[PDB]
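This document starts with one chain, in the form deposited in one PDB entry, laid out as structure tokens.
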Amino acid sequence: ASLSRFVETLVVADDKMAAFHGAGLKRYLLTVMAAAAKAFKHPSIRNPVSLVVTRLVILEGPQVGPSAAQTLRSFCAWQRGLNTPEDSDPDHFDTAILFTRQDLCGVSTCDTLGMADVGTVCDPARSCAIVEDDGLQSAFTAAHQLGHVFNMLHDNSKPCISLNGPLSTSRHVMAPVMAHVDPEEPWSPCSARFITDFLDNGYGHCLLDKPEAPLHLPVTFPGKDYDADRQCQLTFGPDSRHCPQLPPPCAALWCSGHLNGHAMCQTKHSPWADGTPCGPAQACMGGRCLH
């Protein structure tokens, strides 16, 4: 029997998150975590994993700069101070994730969206992730980052090529770059095998207890909590509205912006959030306008 697992999570938001989101931050973080939690409940992962928020902190803490490698190391040694000796104590957490509006930047480019060391979930000193918040898509960056935390590699790594098969495209969470993920199958057979093996070898021992009193994650669709306009505001800023699009609805969110004193449209190529209205009795699901 495949034992159910609970990831008791500390959600930390920073200096820059608070300025951007203001009063709307706590609700926003929960919407994001609700989505991350949903990716992990998908049968593709072939394991029962409940991503549960037990503590949420809004910020004197970690050093947050452009270097992603540096910000991660800082947050990981900081987080450790908020932890507790035993997992009996309702204040203990199994994983820590920081969210920042800071443009996190790797060794070559700034396209980096987050960072985590691989296979650390039950090491309270290493169980760590940082995420660059560029709107609701950050839920996806989070799911990916926790993927790493759960010992998964990218889908183009040598071991994955073998398990994924010669026909595997980049439509999965553990793609090396941001990808449109298969709603029918978010996790590659590689991802499922790596987490499976990771848990069967006892590296998830800290995940067996059920959380004392978890924060209440919303049940609604992200595209209902936040309409197209709010989603544009979340990615590009408060003055940004949805750009009316000719019909490929749901596939890509296009937003307004201002360059030289006239309007223009802008995109990070991310889909409209799940549940966003796209017609009379229709909403976006996985990049498609369904009934």
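In this text, residue numbers run from 1 along the sequence as written. The term rigid core refers to the most C-alpha atoms you can superpose between the two forms while keeping them within 1.5 Å. Shifts are known only where both forms have a C-alpha.
The modelled chain is continuous from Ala251 to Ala252, with every intervening residue of the deposited sequence accounted for.
Beyond the structure shown, there is the form deposited in another entry, which is absent from this document and is the topic of what follows.
With the core held fixed by superposition, the comparison between this form and the one not shown singles out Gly106 as the only member of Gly106, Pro90, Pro218, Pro214 whose CA moves by at least 2 angstroms.
Compared with the form shown here, the Cα atoms of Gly106 and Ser188 sit 3 Å or more farther apart in the other form. Annotation: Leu146/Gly106 CA-CA distance longer in the other form than in the displayed model, change of at least 3 Å. Relative to the superposed core, just one shifted segment between this form and the one not shown, defined as three or more consecutive residues with every Cα moved by 2 Å or more, spans 105 to 112.
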